[PDB]
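*Asks:* Please see the structure below; I have some questions.
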Amino acid sequence: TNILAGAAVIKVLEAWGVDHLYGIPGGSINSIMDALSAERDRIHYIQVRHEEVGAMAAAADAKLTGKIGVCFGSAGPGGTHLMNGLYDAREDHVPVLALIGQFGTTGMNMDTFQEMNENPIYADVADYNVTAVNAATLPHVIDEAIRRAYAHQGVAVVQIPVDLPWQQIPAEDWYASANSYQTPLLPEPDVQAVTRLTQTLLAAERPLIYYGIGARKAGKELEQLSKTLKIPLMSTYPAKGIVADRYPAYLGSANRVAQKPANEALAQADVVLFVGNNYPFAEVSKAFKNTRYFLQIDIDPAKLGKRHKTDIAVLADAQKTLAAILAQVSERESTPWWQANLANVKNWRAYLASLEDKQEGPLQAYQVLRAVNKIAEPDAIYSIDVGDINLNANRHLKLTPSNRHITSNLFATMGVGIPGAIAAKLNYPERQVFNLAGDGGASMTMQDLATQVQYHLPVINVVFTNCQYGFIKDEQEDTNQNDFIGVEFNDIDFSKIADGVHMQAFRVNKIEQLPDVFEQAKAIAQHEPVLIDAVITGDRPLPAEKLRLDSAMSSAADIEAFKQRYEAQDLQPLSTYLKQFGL
Amino acid sequence: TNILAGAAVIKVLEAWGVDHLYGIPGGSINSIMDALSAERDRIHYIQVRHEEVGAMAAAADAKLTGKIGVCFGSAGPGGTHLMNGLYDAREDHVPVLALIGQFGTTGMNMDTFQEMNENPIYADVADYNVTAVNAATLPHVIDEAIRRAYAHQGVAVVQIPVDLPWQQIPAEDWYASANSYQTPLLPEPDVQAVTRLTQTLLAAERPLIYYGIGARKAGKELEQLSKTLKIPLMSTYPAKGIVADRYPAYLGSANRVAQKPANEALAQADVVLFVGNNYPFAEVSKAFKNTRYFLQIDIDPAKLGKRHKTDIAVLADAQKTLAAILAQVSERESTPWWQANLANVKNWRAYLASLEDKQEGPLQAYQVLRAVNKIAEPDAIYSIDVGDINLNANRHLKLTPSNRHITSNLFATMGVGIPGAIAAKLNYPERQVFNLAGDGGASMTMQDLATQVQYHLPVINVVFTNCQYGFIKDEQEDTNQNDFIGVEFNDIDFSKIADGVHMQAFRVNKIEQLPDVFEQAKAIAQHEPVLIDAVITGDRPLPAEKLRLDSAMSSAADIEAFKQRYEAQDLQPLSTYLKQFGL
Amino acid sequence: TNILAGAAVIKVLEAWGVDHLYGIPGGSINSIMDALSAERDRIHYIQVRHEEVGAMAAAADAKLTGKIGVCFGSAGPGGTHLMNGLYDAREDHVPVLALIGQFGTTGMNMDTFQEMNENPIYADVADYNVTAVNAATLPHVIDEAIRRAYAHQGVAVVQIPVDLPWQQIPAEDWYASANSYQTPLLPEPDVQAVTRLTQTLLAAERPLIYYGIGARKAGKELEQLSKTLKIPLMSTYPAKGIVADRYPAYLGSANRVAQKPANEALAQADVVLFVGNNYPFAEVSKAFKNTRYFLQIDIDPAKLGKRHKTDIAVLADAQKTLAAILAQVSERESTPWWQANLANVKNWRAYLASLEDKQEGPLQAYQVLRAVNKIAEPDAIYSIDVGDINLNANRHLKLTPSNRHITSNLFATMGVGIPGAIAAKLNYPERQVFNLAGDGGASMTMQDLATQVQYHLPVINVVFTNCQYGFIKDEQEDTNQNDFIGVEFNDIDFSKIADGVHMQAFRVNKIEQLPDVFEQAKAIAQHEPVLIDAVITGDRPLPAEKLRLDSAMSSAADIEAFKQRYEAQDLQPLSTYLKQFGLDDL
Ligand SMILES: Cc1cc2nc3c(=O)[nH]c(=O)nc-3n(C[C@H](O)[C@H](O)[C@H](O)COP(=O)(O)OP(=O)(O)OC[C@H]3O[C@@H](n4cnc5c(N)ncnc54)[C@H](O)[C@@H]3O)c2cc1C
Ligand SMILES: Cc1cc2nc3c(=O)[nH]c(=O)nc-3n(C[C@H](O)[C@H](O)[C@H](O)COP(=O)(O)OP(=O)(O)OC[C@H]3O[C@@H](n4cnc5c(N)ncnc54)[C@H](O)[C@@H]3O)c2cc1C
Ligand SMILES: Cc1cc2nc3c(=O)[nH]c(=O)nc-3n(C[C@H](O)[C@H](O)[C@H](O)COP(=O)(O)OP(=O)(O)OC[C@H]3O[C@@H](n4cnc5c(N)ncnc54)[C@H](O)[C@@H]3O)c2cc1C
Ligand SMILES: CC1=C(CCOP(=O)(O)OP(=O)(O)O)S/C(=C(\C)O)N1Cc1cnc(C)nc1N
Ligand SMILES: CC1=C(CCOP(=O)(O)OP(=O)(O)O)S/C(=C(\C)O)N1Cc1cnc(C)nc1N
Ligand SMILES: CC1=C(CCOP(=O)(O)OP(=O)(O)O)S/C(=C(\C)O)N1Cc1cnc(C)nc1N
Ligand SMILES: [Mg+2]
Ligand SMILES: [Mg+2]
Ligand SMILES: [Mg+2]
């Protein structure tokens, strides 16, 4: 007895627990489609409107759940449309399987219609990249691709000649290795290295703990170390929410998608504990130029001493190590450094609240995000696009350990807001999901609003319409000699786009319109997707990387101009608080 | 004295006559943007909403004019979004320059934000693919890229570290080699090979001339050879219009994007003259299995004998060679083969007119295309997307040598209708331009309807809304065991999408609505873009590759079913006409 | 009726006129081997000892005859050993087909022994690079590969799963397109452009004609234009021999593999006619910085204005264009520029002759090459390795249009001497063939001396043993601040290496030993290969790019030292001759 090789392939996906997958059919992938069609009760095919959205959504599946995302594209242009999502998966180091259609083996290398050597297309993006040439081994090739994508935390691509999945293979021969999958049991953290790290951290005058998403399991330990030891916390932007934003000694993130207290404290710190962190600005921004001792905890040998010369680098799990530090320390009294940082945070949060709390007038991004906070459930998931929204969401969203947020962290491809929200709702139908996107990024993937409608995925889409590539406009202001170019453009009314895909929607341009529109959207999203198009000003958000508040550092004229432009008259530089507490 | 290297780069583009270029800015390409900004009077930057549209439009520029198209993308995701247009340019062998942003040289290889080794990304698509590393040589690298793209008829990609274009270089050193550019003067066509080819063609009983776009300069000679010698003409789909469609011995194209008379005649022909033709279905469809002698004229040695064993292959220009054949032949009387083919064409065109000429009822693609014909100017340009529209446009558009039509011929990427129309209008502001697209393809690039609005490009967009990937649905009907999957989807109202980008638009779903809506669109398009969303039936167009009309070939039951489904009761098989004239 | 797919593939090779091919067998290519075995009366397999030599020989085949060269390698390491020869073919733009073994389709992607995805290995080097996946289409894929390698003048690679050539396919379906082959059309010169070019050339005060191997069919026209118009000639190194070296207005080549008169004249010229030339040093050496007008003739649009901005560019065949120039000019009187160059060339040739004509004492490269000239037939072929030998052979070999010489022109892979000579003797059994190689380069491919013995290929191998990478030592002298490193090494006695592979050989270290050894070698090579291991001094050849002879440019002390080191006491700078005829050292 026999099975179609394509049926076996789908049974390999099922064995690995793949719930849903994305793509667009074509003749060159119609034999995989045929196998999917017979298996609708167990694996859910999501037909997207552009293959990039399928690839992005597959990456987001893995970001959210840790479970391999799966997408496909038809030969030639279907597969090449996957690229921005495949590169997102590579750079955000999440497991994705991509299946690429190909001409049957009898026509390959004949220069026939939309027939090319597809293997070189995927060689750079992929950890594993093969053209299948045999039906009987095709289940194994798919199984190998999955196992490698997991092991290597990246993209596996298989090009499949369309004849192979329609061939019969022996039913009893193929298997999946999902049953062997497991996670490692690790030794405890290296005892003598962690005692020595702890002493250096505690001997510091101006310590900081600076964590990334490698510390995602360690929020409790981070907050209790901070509180016990009187050591402020700062994070990478993606690590926002691992410790609740409300924690009074959470400084935020550094650089540009950043918060003032974090930049200022980092410049003064004498010892940094760098935990589960691969901050890509470390060298180029000279972040640690002032730092006396640099301590690291990371799971990956490839990261040890990577971002700065490191005094002690412990190769270990973040949680296990932070718990072992906590077990060997006890209460320290409040210090001037602690108090200064607490005061600086309070001043900064008062500034952000002042922006949020306006009640009437021309709409700014700040109030839109307040309105999101007001309708957000405590375990909401945020799919965030790329641009000023990362900066503004990082400052204004009030996250806790119960939330999740995702974006394209390092490749930073625009357009991910829509697909990330699709993936979030497919994985978590009972959780509230937002897509927060700028107009530029929403434009790029707008057609897949129709996918939210088609699959009845009740996403709350919020488009920030400034008629600009605002993040880039600000860059041009900073660097370019000549006039702005390519950064200001003509309006798109996304409420009308939504109507065109048969999604309920609203457009607002005044602060006073927000509460009722957001309450209506909250309610619609109990059953159907909704879109709010928020027409916002072109005001530049405060640049945390170019602060002009300290009269020892900047001219009075520069400070007065900065305070005026950024509504920052009541912000004080960290040096004010350092002086206040005697530093 | 010095010049900024970026300014010199723009002066190289200007020297080569580049009128317009496409892309989206980013920090990693802001120094090229800065140079563009100072040169708005001479080179016109078109800000697109998705970089794929810029790449597609650059390819279309070259398809239309023969002059290198230029696009750019920012580091990482900007550039990877170009791919579908770059592969279109490679496969349609037209010259395109792509500029890719990159991190400055001081941060390359530091694993910083959106910083990667970009060179491997482009290695497969590109004829020339380099990362610039020096400012003083950067003008030369761009000049080299252009000269190679032209010489090699393909894609040149340059990755540009953002620091380089802001560096000063000596003003007097750089140059462009546009002044050296020229086209070759060729020998005349090989005398003895062309006399011998001519004899074999004339000795045939059932000759055909089968040309592609390499014969684009030879329409007059093709038609006069056909008329003088009594030899029917057939073409590749892209070669439609080189000879007017109204010519009574034009059979159409073969395979699927095809016309019945061409498929039927090709199966009977004893001698084929294959001219300027690289038909990719030749081998896989066994097109020439019956052919006794196969004669070829091509300019490219790589094509000689490529598609079939060739009796005589002349390496020469198509026009020069066809004129030399014409100069050595004279009138032949009408033959039975000629008469049979003329009768078959007349029968086929009566069938297509019967579809077009319905006046009321549920709208089909056939009447939409009649309505296009009725408002089309004699020199209109058609940008055609990918799907059933290629099949239907090929049958119904009434083209002449004065028209142009473009699509993604061989890569066949969906989404090209919008960008191709943008490029057409930018090159030919005084010519009428259509974008004919299916709903699937229009969806993929829909956001760049806003670019037509922004640049006041008066395209007539016609969307064929069947709520299907119809071309693929029909494939699944033919091959798939299990139920249709991924090929039927939820409506998008493109009149509402158009309203959202501030474009006038109409939606129609009945035949009787067409005349007034098309007349309004014709008039609007004297000054602004317009969109018609044509809601059409799901009727399958007649499959020219699966004819069931000949009672010696097919069962009576199969013929009756085919005639019913395709409204083909009055079509006769070619054998009827062959018999009528005694063959 | 059926044929094995492998048999059909070999038939495709035969239809395309392939006489011989190179490689080393392995399990992963044994089905092609089986087909070759059956066809050994009609196509000839040459088993090499390292696959790089097969690839290099295939490239050399194409360089010599214009016929596609064919090589193969087994899966994994057999194929990756081809690389240096494949990049040689790419960079020297000659057609080569490379067949790469692969695991059968039933074990591909199983991570079995020697089994990998081979397609990405070849993506950069190859114009065409495919893995075959079907037996019935395999003959076409090979046919396509050959046709594109020719049309695109580069490398085509096909990875062949070993099961496919053992499958039966229909006998009647496959074909080769060899019957349809043609070479690219030769474009013709625009009449008015050629007249304007001519007018500019003839208005020049200090003209030069500077040709490369694109002018290989135009030697008669080049030499007659030079004589009629009184315009000196210079060439790229590879273009040596297109015009006989004897011609008194042949200046040589520029840069380093160069002759003094060419460098000096190029620095003074006001108009250059750059014909069939892609000189890779143009920009980096600032060759044309002071050239007033630059006139170019090339058949490739990718080259026009590449190396300097053109004043007139002609997209046409060199010999047609040069003939059209010649047809519209008449004899001109001598000029001061002409006579200054003629005198400079005599002075230079007298210097080279002085080095060649020593009769006793420590052996130098110069006398070895004189001894080669003394036994060389007028239609000899030279396969030249990479290093100082390019420099010395360029100066001393006395070539004419009847000769051929080849090296790795642009990739410049060492080791090509031995495989190029193998190829030469296979293609030209009745012509004398030399392999001129340094010790470093000969070392790299030494084992394939055995191939010359095995196939009875009577090459005259001459190894220049300095116990150095001399060309690189001289670079370190010029740039490096610290002591020499990696450039001086232990001796290898290549006469003993030759004995080990069963080749007759000689070792010499004194000038007076040369005549008798070279006569013996000439006679041995009527029937069998031979090797001469010439133990030469570590003297640096005169650096034509760093002349120290003109007291207007250089210190007396530096001139003194130059003359002493290079035995150059009798050399004059070009300015001496310019001044004699009334011209300024511009
Ligand atoms: C438009 C845009 C702008 C941005 N600019 C900023 C910015 O200004 N500031 C900013 O902070 N970010 C910014 N980013 C994000 C930035 O590019 C990086 O992605 C981010 O700073 C790196 O975060 P990370 O170190 O948490 O994650 P990763 O880079 O994923 O690193 C995780 C680290 O944790 C380690 N690890 C994993 N598991 C464990 C474990 N169990 N125990 C220990 N170690 C472990 C890994 O080995 C790795 O070193 C921006 C993003 C966007 C979209
Ligand atoms: C959805 C879709 C389906 C399609 N299916 C069909 C189909 O069923 N039928 C069909 O016909 N097409 C079809 N096509 C197009 C098809 O893929 C090929 O692109 C087309 O058939 C090849 O046309 P061509 O030979 O004219 O062009 P090219 O492939 O561009 O070849 C041009 C040839 O002309 C030669 N040449 C160039 N200049 C000269 C000169 N001056 N003199 C002499 N020779 C010269 C070239 O060397 C080359 O061989 C389809 C397209 C799409 C989008
Ligand atoms: C160790 C070493 C050092 C070297 N250093 C030197 C050096 O110092 N000096 C030196 O001169 N060389 C040197 N070379 C060689 C050098 O690298 C180049 O290969 C050589 O200078 C280029 O020669 P070319 O232009 O003749 O050949 P190619 O680069 O092959 O160019 C031939 C040109 O002719 C054109 N063409 C072809 N056919 C025609 C036709 N029918 N009509 C018109 N145009 C045609 C082509 O399009 C092309 O532009 C060295 C080689 C080695 C091994
Ligand atoms: C244009 C752009 C950006 C503008 C985004 O404009 P938006 O309108 O979406 O957002 P806003 O800033 O106006 O609120 S940010 C981005 C950087 C971070 O890389 N780039 C570059 C960019 C360009 N193209 C793609 C596909 N992805 C990218 N990241
Ligand atoms: C889905 C699809 C097609 C459906 C196009 O649907 P449309 O709705 O645009 O057109 P219609 O047929 O319904 O009128 S045709 C195409 C083939 C020719 O390649 N494919 C495959 C395809 C898939 N993805 C991209 C980007 N380009 C492609 N060509
Ligand atoms: C080492 C060396 C050279 C030394 C050759 O030493 P030889 O001993 O062969 O020659 P000689 O100069 O001593 O007479 S020349 C060459 C340059 C031109 O590229 N290189 C670099 C080189 C290094 N490795 C290989 C395979 N090929 C090369 N060309
Ligand atoms: Mg915006
Ligand atoms: Mg459709
Ligand atoms: Mg040596």
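Naming scheme: A, B, ... for chains in displayed order of the structure tokens; residues 1 onward per chain; ligands 1 onward as shown.
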For ligand 3, return the neighbouring residues as a PyMOL selection string (distance at most 8 Å; only C-alpha atoms and all ligand atoms).

*Replies:* chain C and resi 92-93+186+211-217+235-239+253-258+275-281+297-303+315-319+385-388+390-391+407-413

*Asks:* According to DSSP computed on the backbone, where in region 339-577 of chain A is there strand (DSSP E)? Give the residues as a PyMOL selection string.

*Replies:* chain A and resi 381-384+404-406+433-438+460-465+504-508+530-535

*Asks:* Keeping N, CA and C atoms, export the residues of the selection given above as a JSON list (two decimals), in the first residue's frame.

*Replies:*
```json
[["chain", "number", "residue", "atom", "x", "y", "z"],
["A", 381, "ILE", "N", -2.30, 41.56, 22.89],
["A", 381, "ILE", "CA", -1.15, 41.38, 22.03],
["A", 381, "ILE", "C", -1.08, 42.51, 21.03],
["A", 382, "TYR", "N", 0.10, 43.06, 20.85],
["A", 382, "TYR", "CA", 0.34, 44.18, 19.93],
["A", 382, "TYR", "C", 1.28, 43.74, 18.81],
["A", 383, "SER", "N", 0.79, 43.79, 17.60],
["A", 383, "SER", "CA", 1.61, 43.71, 16.40],
["A", 383, "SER", "C", 1.93, 45.13, 15.96],
["A", 384, "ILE", "N", 3.18, 45.50, 15.94],
["A", 384, "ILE", "CA", 3.63, 46.87, 15.74],
["A", 384, "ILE", "C", 4.42, 46.90, 14.40],
["A", 404, "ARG", "N", 1.96, 40.63, 25.12],
["A", 404, "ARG", "CA", 3.03, 40.39, 24.14],
["A", 404, "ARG", "C", 3.05, 41.55, 23.14],
["A", 405, "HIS", "N", 4.23, 41.88, 22.66],
["A", 405, "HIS", "CA", 4.34, 42.79, 21.50],
["A", 405, "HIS", "C", 5.40, 42.25, 20.57],
["A", 406, "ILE", "N", 5.16, 42.37, 19.29],
["A", 406, "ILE", "CA", 6.10, 41.95, 18.26],
["A", 406, "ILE", "C", 6.18, 43.03, 17.19],
["A", 433, "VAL", "N", -6.21, 41.70, 20.12],
["A", 433, "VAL", "CA", -5.04, 41.91, 19.25],
["A", 433, "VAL", "C", -5.17, 43.29, 18.58],
["A", 434, "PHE", "N", -4.11, 44.06, 18.68],
["A", 434, "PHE", "CA", -3.94, 45.32, 17.97],
["A", 434, "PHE", "C", -2.89, 45.18, 16.86],
["A", 435, "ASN", "N", -3.13, 45.91, 15.78],
["A", 435, "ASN", "CA", -2.12, 46.25, 14.79],
["A", 435, "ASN", "C", -1.94, 47.75, 14.86],
["A", 436, "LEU", "N", -0.75, 48.18, 15.30],
["A", 436, "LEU", "CA", -0.42, 49.60, 15.37],
["A", 436, "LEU", "C", 0.55, 49.89, 14.24],
["A", 437, "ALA", "N", 0.16, 50.72, 13.28],
["A", 437, "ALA", "CA", 1.00, 50.91, 12.09],
["A", 437, "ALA", "C", 0.95, 52.34, 11.64],
["A", 438, "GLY", "N", 2.09, 52.82, 11.15],
["A", 438, "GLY", "CA", 2.10, 54.06, 10.38],
["A", 438, "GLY", "C", 1.43, 53.90, 9.02],
["A", 460, "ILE", "N", -7.97, 44.88, 16.03],
["A", 460, "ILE", "CA", -8.14, 46.33, 16.09],
["A", 460, "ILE", "C", -6.94, 46.97, 15.41],
["A", 461, "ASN", "N", -7.17, 47.45, 14.18],
["A", 461, "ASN", "CA", -6.13, 48.13, 13.40],
["A", 461, "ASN", "C", -6.16, 49.63, 13.67],
["A", 462, "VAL", "N", -5.02, 50.20, 14.01],
["A", 462, "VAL", "CA", -4.91, 51.64, 14.25],
["A", 462, "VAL", "C", -3.81, 52.16, 13.33],
["A", 463, "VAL", "N", -4.19, 52.99, 12.36],
["A", 463, "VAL", "CA", -3.26, 53.57, 11.41],
["A", 463, "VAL", "C", -2.97, 54.99, 11.81],
["A", 464, "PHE", "N", -1.69, 55.33, 11.88],
["A", 464, "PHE", "CA", -1.24, 56.66, 12.29],
["A", 464, "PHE", "C", -0.90, 57.43, 11.00],
["A", 465, "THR", "N", -1.85, 58.23, 10.54],
["A", 465, "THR", "CA", -1.75, 58.89, 9.24],
["A", 465, "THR", "C", -1.15, 60.27, 9.44],
["A", 504, "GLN", "N", -15.44, 47.29, 8.98],
["A", 504, "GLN", "CA", -15.92, 48.51, 9.63],
["A", 504, "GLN", "C", -14.73, 49.39, 10.01],
["A", 505, "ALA", "N", -14.92, 50.70, 9.92],
["A", 505, "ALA", "CA", -13.81, 51.62, 10.14],
["A", 505, "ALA", "C", -14.30, 53.02, 10.48],
["A", 506, "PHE", "N", -13.36, 53.79, 11.01],
["A", 506, "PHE", "CA", -13.54, 55.16, 11.46],
["A", 506, "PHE", "C", -12.32, 55.98, 11.06],
["A", 507, "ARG", "N", -12.50, 57.26, 10.79],
["A", 507, "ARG", "CA", -11.39, 58.19, 10.64],
["A", 507, "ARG", "C", -11.58, 59.31, 11.66],
["A", 508, "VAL", "N", -10.54, 59.65, 12.38],
["A", 508, "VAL", "CA", -10.57, 60.73, 13.36],
["A", 508, "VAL", "C", -9.42, 61.68, 13.15],
["A", 530, "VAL", "N", -11.76, 45.71, 12.84],
["A", 530, "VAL", "CA", -12.13, 47.12, 12.77],
["A", 530, "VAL", "C", -10.84, 47.88, 12.50],
["A", 531, "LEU", "N", -11.00, 49.07, 11.89],
["A", 531, "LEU", "CA", -9.88, 49.95, 11.64],
["A", 531, "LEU", "C", -10.21, 51.37, 12.07],
["A", 532, "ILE", "N", -9.25, 51.98, 12.74],
["A", 532, "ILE", "CA", -9.29, 53.41, 13.06],
["A", 532, "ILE", "C", -8.14, 54.07, 12.34],
["A", 533, "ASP", "N", -8.48, 55.07, 11.52],
["A", 533, "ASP", "CA", -7.48, 55.86, 10.81],
["A", 533, "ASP", "C", -7.36, 57.17, 11.56],
["A", 534, "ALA", "N", -6.25, 57.33, 12.24],
["A", 534, "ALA", "CA", -5.98, 58.47, 13.10],
["A", 534, "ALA", "C", -5.10, 59.47, 12.35],
["A", 535, "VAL", "N", -5.69, 60.59, 11.94],
["A", 535, "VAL", "CA", -4.97, 61.64, 11.22],
["A", 535, "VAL", "C", -4.27, 62.49, 12.26]]
```

*Asks:* What residues in chain C have any atom no more than 10 Å from chain A when counting only C-alpha atoms, and can you write them as a list in words?

*Replies:*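 Result: residues 104, 105, 106, 107, 108, 109, 110, 111, 116, 117, 119, 120, 123, 128, 129, 130, 131, 132, 133, 134, 135, 136, 137, 138, 140, 141, 144 and 161 of chain C.
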
*Asks:* For the selection just defined, write its residues with N, CA and C atoms to a file, as a tab-separated table (two decimals), in the first residue's frame.

*Replies:*
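Saved to out_2.tsv:
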```tsv
chain	number	residue	atom	x	y	z
C	104	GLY	N	23.02	9.81	-6.69
C	104	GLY	CA	21.80	9.58	-7.39
C	104	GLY	C	20.60	10.27	-6.75
C	105	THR	N	19.59	10.49	-7.59
C	105	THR	CA	18.43	11.23	-7.15
C	105	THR	C	17.75	10.56	-5.95
C	106	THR	N	17.88	9.25	-5.74
C	106	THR	CA	17.24	8.58	-4.60
C	106	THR	C	17.97	8.89	-3.29
C	107	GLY	N	19.22	9.39	-3.31
C	107	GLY	CA	19.95	9.72	-2.10
C	107	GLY	C	20.31	11.20	-1.95
C	108	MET	N	20.03	12.03	-2.94
C	108	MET	CA	20.20	13.45	-2.77
C	108	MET	C	19.36	13.97	-1.63
C	109	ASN	N	19.88	14.94	-0.89
C	109	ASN	CA	19.23	15.54	0.25
C	109	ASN	C	19.02	14.60	1.41
C	110	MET	N	19.70	13.47	1.44
C	110	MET	CA	19.71	12.55	2.57
C	110	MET	C	20.88	12.76	3.50
C	111	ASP	N	21.77	13.66	3.20
C	111	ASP	CA	23.02	13.85	3.95
C	111	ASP	C	23.77	12.51	3.99
C	116	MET	N	26.02	16.68	-1.00
C	116	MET	CA	25.70	18.04	-0.61
C	116	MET	C	24.95	18.67	-1.75
C	117	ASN	N	24.36	19.84	-1.46
C	117	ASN	CA	23.79	20.65	-2.52
C	117	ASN	C	24.94	21.31	-3.24
C	119	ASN	N	24.89	22.88	-6.26
C	119	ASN	CA	24.63	24.02	-7.14
C	119	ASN	C	25.21	25.33	-6.62
C	120	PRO	N	25.14	25.65	-5.32
C	120	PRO	CA	25.68	26.94	-4.90
C	120	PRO	C	27.19	27.04	-5.04
C	123	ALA	N	27.84	28.78	-8.53
C	123	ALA	CA	26.99	29.90	-8.95
C	123	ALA	C	27.80	31.12	-9.35
C	128	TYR	N	26.19	29.48	-16.72
C	128	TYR	CA	25.07	28.54	-16.71
C	128	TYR	C	25.42	27.48	-15.68
C	129	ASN	N	24.49	27.16	-14.77
C	129	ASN	CA	24.84	26.36	-13.60
C	129	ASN	C	23.59	25.61	-13.14
C	130	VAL	N	23.46	24.37	-13.53
C	130	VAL	CA	22.22	23.64	-13.26
C	130	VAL	C	22.55	22.23	-12.77
C	131	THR	N	21.62	21.74	-11.93
C	131	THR	CA	21.58	20.34	-11.54
C	131	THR	C	20.52	19.65	-12.38
C	132	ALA	N	20.96	18.63	-13.14
C	132	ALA	CA	20.04	17.85	-13.95
C	132	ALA	C	19.19	16.95	-13.06
C	133	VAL	N	17.92	16.79	-13.41
C	133	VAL	CA	16.99	16.03	-12.60
C	133	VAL	C	16.18	14.99	-13.38
C	134	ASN	N	16.45	14.84	-14.67
C	134	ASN	CA	15.73	13.96	-15.55
C	134	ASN	C	16.67	13.42	-16.60
C	135	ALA	N	16.51	12.16	-16.97
C	135	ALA	CA	17.38	11.54	-17.96
C	135	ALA	C	17.01	11.95	-19.40
C	136	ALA	N	15.72	11.98	-19.72
C	136	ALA	CA	15.32	12.28	-21.08
C	136	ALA	C	15.73	13.69	-21.53
C	137	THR	N	15.77	14.66	-20.63
C	137	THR	CA	16.19	16.00	-20.97
C	137	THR	C	17.70	16.21	-20.81
C	138	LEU	N	18.44	15.23	-20.31
C	138	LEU	CA	19.85	15.43	-20.04
C	138	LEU	C	20.63	15.80	-21.30
C	140	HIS	N	19.64	17.51	-23.86
C	140	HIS	CA	19.37	18.93	-24.08
C	140	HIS	C	20.14	19.78	-23.08
C	141	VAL	N	20.10	19.44	-21.81
C	141	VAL	CA	20.80	20.28	-20.82
C	141	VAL	C	22.27	20.45	-21.18
C	144	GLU	N	22.47	22.72	-24.26
C	144	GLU	CA	22.22	24.09	-23.81
C	144	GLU	C	23.47	24.68	-23.16
C	161	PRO	N	23.32	13.91	-11.32
C	161	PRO	CA	23.07	12.75	-10.45
C	161	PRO	C	23.41	11.46	-11.16
```

*Asks:* Tell me, in Å to one decimal, how far CA of residue 574 (chain A) is from CA of residue 264 (chain A).

*Replies:*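 According to the coordinates, CA of residue 574 (chain A) and CA of residue 264 (chain A) are separated by 6.4 Å.
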
*Asks:* Find the residues of chain A in contact range of chain B, meaning any atom within 6 Å when counting only C-alpha atoms, and list them as a PyMOL selection string.

*Replies:* chain A and resi 26+34+37+47+50+77+84+112-114+120+124+280-281+410-411+413+443-444+447+472+480+482+486+492-493+496-497+500-501
